[PDB]
Amino acid sequence: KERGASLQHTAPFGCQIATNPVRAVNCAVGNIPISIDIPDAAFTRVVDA
Amino acid sequence: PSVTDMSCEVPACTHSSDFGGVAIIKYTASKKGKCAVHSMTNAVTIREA
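These protein sequences, in sequence, are chains D and B. Start counting the first sequence at 245; every next residue gets the next number (PDB author numbering). Start counting the second sequence at 294; every next residue gets the next number (PDB author numbering).
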């Protein structure tokens, strides 16, 4: 009768919760480093540009 | 065929061991025929006779 503040409804930074399994989504803080390795096949020389 | 309007430029040079520079040159000749090309200093080398 007094569960009150659900973490679905009281999450800082607008995260959402989902159960089975527990998971918090969209925790908008920080910043992600992302790296990519790629070969020369997808590029093309300026002689085609 | 003698030529005029010598407009050479280099879009992308890379001092590698392969052909790392593709020099693009627009010209204006006198007539149609073969034409020899030659590098006069020893800093660079060419692959086309």
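Here a beta-carbon is modelled for each residue, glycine too, at the ideal position from N, C-alpha and C.
query	result
Terminal residues of the continuous beta strand (DSSP E) containing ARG247/D?	No beta strand (DSSP E) contains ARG247/D, which DSSP labels as neither H nor E.
Based on the DSSP secondary-structure assignment, which residues constitute the bridge partners of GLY314/B?	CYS306/B
At what residues does the beta strand (DSSP E) containing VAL330/B begin and finish?	It is not in any beta strand (DSSP E) - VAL330/B carries neither H nor E in the DSSP assignment.
Go to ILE276/D, then tell me how far its beta strand (DSSP E) extends in each direction, as first and last residue.	Counting along the chain, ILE276/D falls outside any beta strand (DSSP E), and DSSP gives it neither H nor E.
Skipping 5 residues on each side, what residues in its chain have a beta carbon closer than 7 angstroms to that of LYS325/B?	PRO294
How many Å lie between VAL266/D and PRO283/D at the Cα?	39 angstroms
Hey, is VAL266/D's beta-carbon within less than 8 angstroms of any beta-carbon in chain B?	no
Which residue marks the beginning of the beta strand (DSSP E) containing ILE282/D, and which one marks its end?	From DSSP, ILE282/D is part of no beta strand (DSSP E); its letter is neither H nor E.
Can you give the Cα-Cα distance for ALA329/B and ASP311/B, rounded to whole angstroms?	22 angstroms
Do we get a CB-CB distance below 8 angstroms when we pair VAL315/B with the residues of chain D?	yes
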